[PDB]
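> Sharing a structure below in structure tokens format, with a few things to ask.
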Number of protein chains: 4
Amino acid sequence: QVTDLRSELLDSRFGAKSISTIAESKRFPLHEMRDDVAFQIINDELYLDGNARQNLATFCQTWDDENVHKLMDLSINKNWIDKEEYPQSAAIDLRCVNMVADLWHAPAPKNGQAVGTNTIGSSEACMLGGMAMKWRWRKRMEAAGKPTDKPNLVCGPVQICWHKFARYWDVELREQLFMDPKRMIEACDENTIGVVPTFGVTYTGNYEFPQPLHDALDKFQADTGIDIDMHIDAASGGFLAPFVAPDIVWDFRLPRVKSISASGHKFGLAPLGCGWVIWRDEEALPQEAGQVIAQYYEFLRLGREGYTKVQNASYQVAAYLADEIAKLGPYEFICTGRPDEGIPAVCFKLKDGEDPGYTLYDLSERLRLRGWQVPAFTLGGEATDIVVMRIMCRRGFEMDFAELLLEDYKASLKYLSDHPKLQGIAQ
Amino acid sequence: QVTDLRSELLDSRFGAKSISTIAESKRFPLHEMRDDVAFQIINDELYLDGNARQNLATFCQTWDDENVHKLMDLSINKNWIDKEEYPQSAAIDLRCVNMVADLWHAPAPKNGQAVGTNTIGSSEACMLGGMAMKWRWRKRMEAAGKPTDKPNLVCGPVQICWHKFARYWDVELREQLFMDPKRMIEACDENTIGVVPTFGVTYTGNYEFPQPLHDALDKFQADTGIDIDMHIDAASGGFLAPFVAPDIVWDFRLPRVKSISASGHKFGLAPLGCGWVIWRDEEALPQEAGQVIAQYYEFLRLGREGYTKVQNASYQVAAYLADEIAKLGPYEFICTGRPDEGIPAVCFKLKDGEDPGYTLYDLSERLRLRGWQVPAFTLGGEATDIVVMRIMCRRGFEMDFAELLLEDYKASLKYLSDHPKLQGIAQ
Amino acid sequence: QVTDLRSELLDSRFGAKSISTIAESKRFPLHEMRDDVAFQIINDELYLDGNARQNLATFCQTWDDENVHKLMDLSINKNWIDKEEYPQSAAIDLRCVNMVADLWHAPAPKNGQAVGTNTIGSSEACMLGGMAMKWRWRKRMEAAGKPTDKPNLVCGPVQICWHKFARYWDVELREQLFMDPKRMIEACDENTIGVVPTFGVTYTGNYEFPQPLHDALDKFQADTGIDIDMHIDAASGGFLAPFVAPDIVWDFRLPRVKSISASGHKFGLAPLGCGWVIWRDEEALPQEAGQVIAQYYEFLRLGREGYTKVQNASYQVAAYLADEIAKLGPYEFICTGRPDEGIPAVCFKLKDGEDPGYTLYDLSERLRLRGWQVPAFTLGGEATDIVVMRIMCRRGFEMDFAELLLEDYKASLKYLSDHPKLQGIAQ
Amino acid sequence: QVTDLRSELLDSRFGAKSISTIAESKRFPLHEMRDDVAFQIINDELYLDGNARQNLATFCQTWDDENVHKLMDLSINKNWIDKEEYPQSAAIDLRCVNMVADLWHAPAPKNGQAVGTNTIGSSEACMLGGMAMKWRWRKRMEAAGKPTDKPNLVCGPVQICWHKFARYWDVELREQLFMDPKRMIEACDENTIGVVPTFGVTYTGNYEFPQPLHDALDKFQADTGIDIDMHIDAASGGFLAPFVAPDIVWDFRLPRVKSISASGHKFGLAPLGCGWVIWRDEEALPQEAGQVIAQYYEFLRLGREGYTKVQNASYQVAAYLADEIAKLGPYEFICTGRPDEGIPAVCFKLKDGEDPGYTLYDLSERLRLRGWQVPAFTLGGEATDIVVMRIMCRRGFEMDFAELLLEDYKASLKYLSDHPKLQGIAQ
């Protein structure tokens, strides 16, 4: 009892009885071990997790500066949930709502504060905008006096964050890289909740433009009685276009856009995982604390100048990888990465014509051997045997890193080329 | 341009031109300032926020050791969203699901992995369990074949996390510290989705015991044909009773308990803000990453030993404050803080008979002047003019701190004792 | 024994038996506890102490950069007591004595090393200079040869750091913000040790000028035989005026100024709490280590450039608060805060005419509710009818902080405006 | 202009124009340099200062643990000066006063708080006690009615911290290792202020015992009318004997002892430099904040157990060095270092008989060559050609260090022995 306790006292962390056992799992621990052994046994499995620096499949953030770290450390616990218990965090939250609703061109608020909402993620943002539009539609059309059972929410080919809404909220849904302006309201002639055109969302890489379709909305209000609003689902374009392509018009510069939704952890440099919903004016919405601190710090420290600089760095790397991989092999880029037209990413498939002995699928793993989490994919359609690869570029992926990735690319190209029987490594 | 730039280079933190302006607000910054001045600008706001250590109105956590700090530091970015991209975080997630669904006594899972779900908060947990049992009821009673427009979900007098459900999910809801076992199913005997009795909820203090009502459920199954299940809403109880009062019956030890909901940031020592939902087994449920890792670390480091020691410390200090403030003045404690009956908290009101020259509203202010966020309240009922105070105890509230609070209490007593006109300071 | 000691080893700091007791007080501890639990026990007391950042009643320093911090860390123990054990600390000490005796315009020392002395505080400085000039007077006037029992040291109405001297050093104490040049020596024309006119000491805020009175000393030398020297008690003006207002005559630029006394922790940016005494040259004086080094670091890092920037920032925010609170209510500022005339502070009182339903005593309370230690006072005179408030500004008090104080000021205005029965909350 | 500025921006600390000049001195810096260059130029001269670890001439502290360092760095600003602005530091101050006045055996205070005073150094303590007993001597004498012009304060032969008092406070002073009990009052039969016998003072190494002289005091009270009190000047015995020699009686266990003075930075493990004065009870005294935090932390963390352990470690090292150096050469230890008799130190001279070719003056410098600041001295008496050396032992001087010191001793012994012309290296 005493001697083994003494050994438990003064011992190397790799000499104790506490560690030589397997980790706990299927039951609750009956006793307590030393905190350093627990810390080590946890740290090792996240070592096994992988290297997130080279994970090019994600858009979420990777790096944060020291001051952001200190700020989130200061704000670990306290919440903005209610009013006075922590009064300044809610104030800063309303400040950032003001700043974002300014950046996306809102009408100047009369009383002095904009209308918006911070959210945990983009899904909550989309669901909020959805039931908001549903509420105003039902209210005014009941003012009209006709009954309801068949409300179709148009557009949104593969977005499921809204299909969950339409699947649970009693909503029918009926819907080039995008849909033409006419068929849009061909399916949306009379009855409709809302029109949701994406903007730099994860699945549709490059912008699905709102100016071409707004002319449609206007002239089919002029033609037939139905006047329908919109909601842009800008998961990233909401924090890219106002810096690197300001002229192109997608915000409340148009009349009929009533609400806009974005995520701040993709490209808003906000670490935790956050989202924003912004409404045009009090008339828009119906009847009815750590991430804000880091986002406000980023807003102050960087501003339009620094944000333009960082997003232009990312677009630069995207252009570089595009051109060089283009002269690597027989590729056909669907998504190149120009600031005017899409988010900084490169999605490309093998040439229509030929197979170079090796499928793209099996190049991804020869890259993985080095630690590059570069993903290959197939799209959802009538053709199911064309396969693409996407190398998303983000903050914290410097040009040097792109060069090392391209060198490992080259090495993989040589290995598969020589040993030709690696043609079908993927399922 | 050059001279003031040189001044910008080598300057004290409080001599720069960038600081002497007011903070940003109603618009987006056009340029970028230096990181140090932005860091300070933010830091003094959180200074003005208040002192969270002495904020006794909250139940959420306050302090976390260094190991959990660096561990969450390591896991800041990565998420449990899917299997491949970060494989071990989801593994540890399912591990903690096993741990919890063990701690609340579940049937041993056949394949080897328990059923459950981690969530962002207790609200999502409550909503999820509610929709789940709604699906169960609708599907099976439609296998019976009779129409459904009259679903009354009973119990839960002041919980709004479920009133939001019943407000949006087309659900009518019809409903001593608790209600007697007979009237319970009186309101419920025929049509009913579920019965939700709380357990250590934020407003209700005492355990609303499920054993007395379970015999009721059984014998009105035996009497009338309706067999109705249950769902415990154990926000704080779920992580207290299995350590400091194990014998008391409340989890799946009873047959009809189909699901349990808890919050892990209240008394589960999990920092971020988390929740747990746990289902009995596969038959129950319908057809259709930083919190887990720190909660797993605390599970391993403390276990049953450490957790019992901690919650018993909290119950200890809660008993101490009870007795001493009891013989300070003419008080009537409704919530004392015994481990058998309630969460570690002390809620007391004025004696029914008399007023000691001062309300308990104004005593909160004379406590506040030194930083004690002790909240006074009024209860919800037909009688409005009886006021209470709650001095909730938690981890990180050592006993000498309690004696300090009591000394400041004494000082406030003397002060508003001498100057008797401070009788109606609160609105 | 063995089990409880095992528990003593593996335990959270809030589960240990050692903490669950009250702190020690009325006796010496017989045994020893662990260092972490004592560290926590102490830390929570300083938590309860208050927030020194928002304590505007003090003039002493609040913040110091990391370099001076780790520097005083390196110098924690060593002493400037003598040359033999630590020879360079005394070297830097004599260096900064040179620096100061320069900054206040001394005659160039022949040997190359100025005369002076670093001290622990301003009180010891005042006593030292007083005893020095008393020795001078007694020795020379006994070289004249007439008896000495009637020494009246004039000026210094409310300074007690000199009245302690005059209390036990056998000195008679004889003595429109300041006194006119004639009555000054009216009280003094024959027998007198010295004339002590302050220079923005703690109690008298704005400069009591020595130029107007020096012509007095000169021509009552020319008229009657008595030649009297002086000693400025510049507790703050000694480290403010030579940067932000240099043209004024107040140091040894005048002939009869024999000594100067200042404090280095007020506006000299020296952390510990220090003082300086400086003598004209060797003839004046009678026959008979962490502060210096941090003050030397700040001298080198900032110099005239940095110090000017800093004190001008403080005067800036002091003017801001003046104008804003001036247009808040019906106030009459006695001390505004112009660099030419006073230290950076704003002392104001109620208008002579009317009371706005609330005294300025009770406004300090509703400011305190948020943490602002803004002190209200009563003046010292034959008339106890006026109450004042002083909002002293210092390094570390950014301007956005000032606007935050102003917003809380506004809130207090509204509150005690609506509820009028708060007429006399202060004793 | 611009190119040199960009060079000053991107540059090693040893490539800038700022460093190539020597440090500032005889004047105030006109401009500001970079703070890192200033920090470096300060750091290197402290390098040149010396190594305080091997400075065995001092008794003051050398090392403090991490927690005391963080407490002091937390309190580097706040003061105990006044009651409200920092209320808890003063509370802890009176706590430590209670604990010290308990440790030295005071009568139990009736109200509950002891009488005492914290001070900056020992000098202020001695001066305070002196003026206190002077005041009582005066008031009692006034009641008796005889004039006071010849007050002699006995004892204190080489202490100057009291001779300054007697030099400025109009006090005549008339006064084996100590003076016999009879001659003490032989110089003090009738007129006397006080009797000051040291205890652990720096100059008189080993205790000047109060029990032998107290019988004297009692029986010359019984013999002639004069009843005279005492004051122990225990600069180090005050924090030594109550742990390592409790039975010996020198505190208020005796009646006539009215006050006791000590320093807390020598052996009280208090870093800053502090002192304590303690009075018997209210009847004793006349009619008219960082150090305490660290001393209170030491009191709690260590207590009687830890303090006994550390002082016994120091006495152990003192015994070891004594025996070993006695084995080295022909030495005659005057101060050996036994716990019953004196402070932990070893003072020794050369044997009266012979010179071993080298004096101990010149052995100290051959020790210095390695870094050992071991000092040699001569005493003030009738024969001043005997020379001693003292190796004071303290906390932070472990046995290993004593062994290395002895080895360097041995090496130096050989060098002087061989080269015999090093007879008179000291002045």
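Chain identifiers are assigned as A, B, and so on, following the order in which chains appear in the structure tokens; residues are numbered from 1 within each chain, and ligands are numbered from 1 in order of appearance.
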Could you please select, counting only C-alpha atoms, the residues of chain A within 10 Å of chain C and state them as a tab-separated table (two decimals) with N, CA and C atoms, in the first residue's frame?


chain	number	residue	atom	x	y	z
A	1	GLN	N	0.82	-1.21	0.00
A	1	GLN	CA	0.00	0.00	0.00
A	1	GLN	C	0.86	1.26	0.00
A	2	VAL	N	1.93	1.24	0.79
A	2	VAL	CA	2.74	2.44	0.99
A	2	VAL	C	3.83	2.54	-0.08
A	5	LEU	N	2.51	3.36	-3.49
A	5	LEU	CA	2.15	4.77	-3.45
A	5	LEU	C	3.38	5.66	-3.60
A	6	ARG	N	4.47	5.30	-2.92
A	6	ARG	CA	5.72	6.06	-3.07
A	6	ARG	C	6.19	6.06	-4.51
A	8	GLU	N	4.25	5.76	-7.01
A	8	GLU	CA	3.31	6.64	-7.68
A	8	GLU	C	3.68	8.11	-7.49
A	9	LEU	N	4.40	8.41	-6.40
A	9	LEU	CA	4.77	9.79	-6.14
A	9	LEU	C	5.90	10.24	-7.06
A	31	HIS	N	-12.10	5.11	-10.29
A	31	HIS	CA	-11.16	5.88	-9.50
A	31	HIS	C	-10.56	7.00	-10.34
A	32	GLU	N	-9.58	7.69	-9.77
A	32	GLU	CA	-8.93	8.82	-10.42
A	32	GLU	C	-7.45	8.55	-10.58
A	33	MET	N	-6.92	8.85	-11.76
A	33	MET	CA	-5.50	8.74	-12.03
A	33	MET	C	-4.85	10.12	-11.97
A	34	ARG	N	-3.56	10.17	-12.25
A	34	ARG	CA	-2.87	11.45	-12.26
A	34	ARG	C	-3.25	12.25	-13.51
A	35	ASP	N	-3.26	13.57	-13.36
A	35	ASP	CA	-3.73	14.41	-14.46
A	35	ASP	C	-2.73	14.43	-15.61

> DSSP on the backbone: what in segment 330-371 of chain A comes out alpha helix (DSSP H), as a PyMOL selection string?

chain A and resi 360-368

> List every residue of segment 309-407 of chain A that DSSP, applied to the backbone, labels as strand (DSSP E or B), and write the result as a PyMOL selection string.

chain A and resi 331-335+342+347-350+376-378+387-390

> Residues within 8 Å of segment 405-422 of chain C, please, as number ranges by chain. Count only C-alpha atoms; anything in the same chain fewer than 4 positions from it doesn't count.

C: 321, 324-325, 357-358, 362-363, 366-367, 370, 372, 401

> Take atom CA of residue 191 of chain B and atom CA of residue 165 of chain A and report the distance between them in Å, one decimal.

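Answer for the atom CA of residue 191 of chain B to atom CA of residue 165 of chain A separation: 28.0 Å.
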
> When you count only C-alpha atoms, which of these residues is closest to residue 242 of chain A: A:100, A:335, A:57, A:161?

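Comparing A:100, A:335, A:57, A:161 against residue 242 of chain A, the winner is A:100.
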
> With only C-alpha atoms as the counted atoms, please give the residues lying no more than 10 Å from residue 300 of chain A, apart from itself and same-chain residues fewer than 6 positions off, as a PyMOL selection string.

(chain A and resi 294+306) or (chain B and resi 23-25+28-35+37-39+41-42)

> Produce a file of the selected residues containing C-alpha atoms, as an mmCIF file, in the first residue's frame.


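Below you can see selection22.cif, which holds the result:
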data_model
loop_
_atom_site.group_PDB
_atom_site.id
_atom_site.type_symbol
_atom_site.label_atom_id
_atom_site.label_comp_id
_atom_site.auth_asym_id
_atom_site.auth_seq_id
_atom_site.Cartn_x
_atom_site.Cartn_y
_atom_site.Cartn_z
ATOM 1 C CA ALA A 294 -12.363 37.435 -32.115
ATOM 2 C CA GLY A 306 -6.028 43.795 -44.444
ATOM 3 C CA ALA B 23 -13.513 52.749 -30.829
ATOM 4 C CA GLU B 24 -15.182 51.713 -34.084
ATOM 5 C CA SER B 25 -18.908 51.000 -34.316
ATOM 6 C CA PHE B 28 -16.565 49.001 -41.270
ATOM 7 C CA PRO B 29 -12.984 50.218 -40.707
ATOM 8 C CA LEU B 30 -11.375 51.455 -43.903
ATOM 9 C CA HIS B 31 -7.752 51.009 -42.791
ATOM 10 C CA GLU B 32 -5.796 48.797 -40.411
ATOM 11 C CA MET B 33 -4.328 49.756 -37.049
ATOM 12 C CA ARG B 34 -1.674 47.806 -35.183
ATOM 13 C CA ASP B 35 -2.519 44.607 -33.353
ATOM 14 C CA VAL B 37 -3.669 48.809 -29.745
ATOM 15 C CA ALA B 38 -6.634 46.739 -30.934
ATOM 16 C CA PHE B 39 -5.831 44.116 -28.314
ATOM 17 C CA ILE B 41 -8.987 48.422 -26.906
ATOM 18 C CA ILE B 42 -10.728 45.072 -26.560
#

> What gap, in Å, lies between atom CA of residue 377 of chain A and atom CA of residue 404 of chain A?

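Taking atom CA of residue 377 of chain A and atom CA of residue 404 of chain A, their separation equals 22.9 Å.
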
> In Å, how far is it from atom CA of residue 326 of chain A to atom CA of residue 423 of chain A?

21.5 Å

> Excluding segment 277-287 of chain A and its own-chain neighbours fewer than 5 positions away, which residues fall within 6 Å of it when counting only C-alpha atoms? Please give them as a list in words.

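Counting only C-alpha atoms, the residues come to residues 106, 115, 116, 117, 125, 136, 258, 259, 260 and 261 of chain A.
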
> When you look at residue 395 of chain C with a cut-off of 8 Å (counting only C-alpha atoms), what residues show up, excluding the ones that are within fewer than 3 positions of it in the same chain? I need them as a ChimeraX atom specification.

/B:14 /C:61-63,310-311,314,398
